S.K.: 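Please see the structure below; I have some questions.
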2 protein chains.
Amino acid sequence: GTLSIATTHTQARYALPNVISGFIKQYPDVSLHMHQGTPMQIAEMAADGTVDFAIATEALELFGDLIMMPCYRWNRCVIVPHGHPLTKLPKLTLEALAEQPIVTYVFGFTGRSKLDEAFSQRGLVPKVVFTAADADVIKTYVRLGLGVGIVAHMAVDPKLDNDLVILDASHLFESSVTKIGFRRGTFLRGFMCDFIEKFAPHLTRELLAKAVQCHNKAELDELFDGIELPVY
Amino acid sequence: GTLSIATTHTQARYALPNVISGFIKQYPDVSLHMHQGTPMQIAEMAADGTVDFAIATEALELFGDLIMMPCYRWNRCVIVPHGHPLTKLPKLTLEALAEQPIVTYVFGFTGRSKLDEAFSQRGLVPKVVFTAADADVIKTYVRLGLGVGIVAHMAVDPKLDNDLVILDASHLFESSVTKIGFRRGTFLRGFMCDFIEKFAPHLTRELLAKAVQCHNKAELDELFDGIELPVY
């Protein structure tokens with residue numbers, strides 16, 4: 001058969017490679033197709049049946065035709081070059097961060113709204129000098145010295161990114177949730193359910209068989225609010 | 001003053017970092033702002049004056065309000081893991097590529113149309129299993145074993161990307177040209193011209209002072225056809 005996934009840079013690059021490896025090893029003869037686009041593009045491709053699944057933090061919520069299901073919870077990091085002034089602070093504050101030029105996601109990408117919320121509630125105006133679409137660009141301009149990076153935690157690793165200093169910022173921002181969606185009325189074949197469960201182990205077949213019944217977002221929220229999510 | 005640039009992953013990540021570093025050191029008190037988006041959005045941000053300059057291979061040609069200028073010429077390479085069968089070929093052919101799974105850019109991004117043209121001219125249908133928006137994703141799924149990558153030559157580095165084999169494909173595809181555009185009627189301040197000239201040394205102030213006069217694409221083409229571009 002065929003498995004078709006539309007997703008974003010964040011997931012394609014940091015969340016999916018090991019599950020895609022595993023899927024391909026387990027299902028050598030399923031025709032895999034993947035596509036990367038903006039959250040609106042990929043969400044609408046899943047919503048109208050162009051592909052099986054959309055995976056992203058953003059836009060999925062806006063399409064009522066989607067059975068959307070939470071996969072994991074995450075929060076942000078601040079990344080700066082070695083010896084940068086923010087590395088000298090005992091603890092990071094929103095006020096210290098707001099005094100720096102910021103390199104972070106464009107509006108509407110990868111939980112950016114939570115950052116704006118945190119700044120506005122304290123009456124702070126971030127000086128955002130680079131609005132980027134992905135964390136690879138963010139990291140190259142942090143490296144060259146353009147300013148302070150604010151990225152999703154799964155986009156940075158203390159060993160892989162040793163040339164940068166990672167400061168945890170999850171106490172300054174509300175966390176975000178990465179979700180998976182498929183069009184309501186889709187028949188979930190076995191290998192599809194195994195992919196979903198590889199990506200999000202709590203989405204067992206027992207739970208899937210309840211999720212396909214949810215007629216609208218209220219019923220999904222009733223099904224999932226009780227459930228604990230992995231944190232990355 | 002302020003210098004404001006909207007560009008793509010390709011340029012932000014492979015063509016601009018050294019010129020942006022140089023610009024920052026030369027003009028510490030110019031307020032630099034950058035934005036990364038799809039070629040259509042960044043082209044229209046330049047056209048309506050939201051930013052000074054757009055830099056990309058695609059879409060700029062569609063905005064008549066833009067003074068568009070060629071910056072450099074480039075072509076594609078094929079990237080595969082070590083020991084992949086295509087490395088055994090003396091020289092790469094389109095037929096050898098067409099029997100492989102391909103990982104490359106989505107339609108309308110980064111010269112993909114030249115790939116589509118080359119294949120269709122031979123009655124070959126590429127099996128594109130991953131349509132990606134950027135070369136960072138492309139390279140991770142080539143590394144993961146998903147198939148053969150086709151990327152802009154500047155998206156891969158023989159030293160940095162030591163784990164991949166780069167095979168020249170420039171005899172199989174027509175070359176692409178990266179352009180810079182700004183809205184007609186923009187006043188080019190000194191630091192703007194110094195930025196442009198760092199990005200494209202043939203665009204000297206003499207040449208800029210002729211380009212601002214070109215009322216349309218025909219006059220631009222008459223001005224620029226004579227000039228040779230650096231190749232990356």
Side-chain angles (χ1 to χ4, degrees), chain A residues 2-25 28 30-38 40-42 45 51 101-109 127-147 155, chain B residues 2-25 28 30-38 40-42 45 51 101-109 127-147 155:
Chain A
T2 67
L3 170 65
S4 183
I5 302 168
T7 191
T8 64
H9 174 280
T10 300
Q11 318 289 151
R13 171 91 151 110
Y14 308 113
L16 286 155
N18 289 333
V19 345
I20 293 286
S21 278
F23 179 89
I24 285 169
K25 196 153 179 308
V30 172
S31 201
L32 177 64
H33 190 288
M34 296 160 76
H35 174 85
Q36 172 197 6
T38 77
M40 288 288 289
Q41 300 162 348
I42 62 147
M45 283 157 72
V51 306
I102 289 175
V103 182
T104 195
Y105 308 100
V106 71
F107 167 80
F109 280 31
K127 330 174 197 185
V128 177
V129 298
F130 199 142
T131 49
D134 60 80
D136 273 301
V137 172
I138 293 178
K139 294 202 295 225
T140 86
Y141 285 82
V142 174
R143 283 162 186 143
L144 65 81
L146 187 64
Chain B
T2 64
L3 169 65
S4 182
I5 302 167
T7 192
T8 64
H9 176 280
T10 299
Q11 315 292 329
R13 174 92 150 112
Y14 311 113
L16 287 158
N18 287 331
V19 350
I20 293 287
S21 277
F23 179 86
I24 283 171
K25 256 63 76 202
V30 173
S31 201
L32 177 65
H33 188 288
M34 293 164 79
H35 170 85
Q36 170 196 6
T38 78
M40 287 288 142
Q41 41 178 310
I42 63 149
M45 284 158 75
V51 305
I102 288 175
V103 182
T104 195
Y105 309 101
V106 295
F107 279 99
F109 278 30
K127 328 175 198 284
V128 179
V129 299
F130 200 144
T131 53
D134 62 78
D136 275 301
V137 173
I138 295 180
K139 294 198 296 223
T140 88
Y141 284 81
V142 174
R143 277 162 179 142
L144 208 56
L146 187 67

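Chain identifiers are assigned alphabetically (A, B, ...) following the order of the sequence lines, protein sequences preceding nucleic acid strands; residue numbering begins at 1 within each chain. Below, all heavy atoms of this structure are taken into account, side chains as well, without hydrogens, waters or symmetry copies.
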S.K.: How close do A:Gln36 and B:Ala133 get, counting heavy atoms only, and between which atoms?
M.R.: OE1-N, 2.9 Å

S.K.: Please look at B:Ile24 and chain A and tell me whether the side chain, the backbone, both or neither of the residue comes under 4.5 angstrom of a heavy atom of that chain.
M.R.: side chain

S.K.: Name the region of B:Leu146, side chain, backbone, both or neither, that has any atom closer than 4.5 Å to a heavy atom of chain A.
M.R.: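 It is the side chain, since no backbone atom gets that close.
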
S.K.: Against chain A, label B:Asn18 side chain, backbone, both or neither, depending on which of its atoms sit under 4.5 Å from a heavy atom there.
M.R.: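 Looking at B:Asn18, nothing touches chain A.
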
S.K.: Walk me through it: do B:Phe130 and A:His33 pass the test side chain to side chain contact (heavy atoms under 4.5 Å, CB included)?
M.R.: CA-CA 6 Å; B:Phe130 200 144; A:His33 190 288; over 6 Å; no

S.K.: What part of A:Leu16 lies closer than 4.5 angstrom to a heavy atom of chain B: side chain, backbone, both or neither?
M.R.: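 Interface part for A:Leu16: both.
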
S.K.: By salt bridge (charged side-chain N to carboxylate O under 4.0 Å, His left out), which residues pair with A:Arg143, not counting sequence neighbours?
M.R.: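 Testing A:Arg143 for salt bridge (charged side-chain N to carboxylate O under 4.0 Å, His left out), a comparison that skips the adjacent residues, returns A:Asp163.
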
S.K.: Please identify, among A:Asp134, A:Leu32, A:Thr140, the residue contributing the most non-hydrogen atom pairs under 4.5 Å to chain B.
M.R.: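 Most heavy-atom pairs under 4.5 Å with chain B: A:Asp134.
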
S.K.: How long is the gap from OG1 on B:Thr38 to CD on A:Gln41, to the nearest 0.5 Å?
M.R.: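 That separation rounds to 7.5 Å.
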
S.K.: Would you please go through residues 101-109 of chain A and name the residues with a non-hydrogen atom below 4.5 Å from one of chain B, in numerical order?
M.R.: A:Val106

S.K.: Test B:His35 against every option in A:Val129, A:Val128, A:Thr131 by the side chain to side chain contact (heavy atoms under 4.5 Å, CB included) rule and name the one that passes.
M.R.: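 Result for side chain to side chain contact (heavy atoms under 4.5 Å, CB included) with B:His35: A:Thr131.
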
S.K.: Test your reading of the model: is there a side-chain donor-acceptor pair from A:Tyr141 to the backbone of B:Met34, 3.5 Å cut-off?
M.R.: no

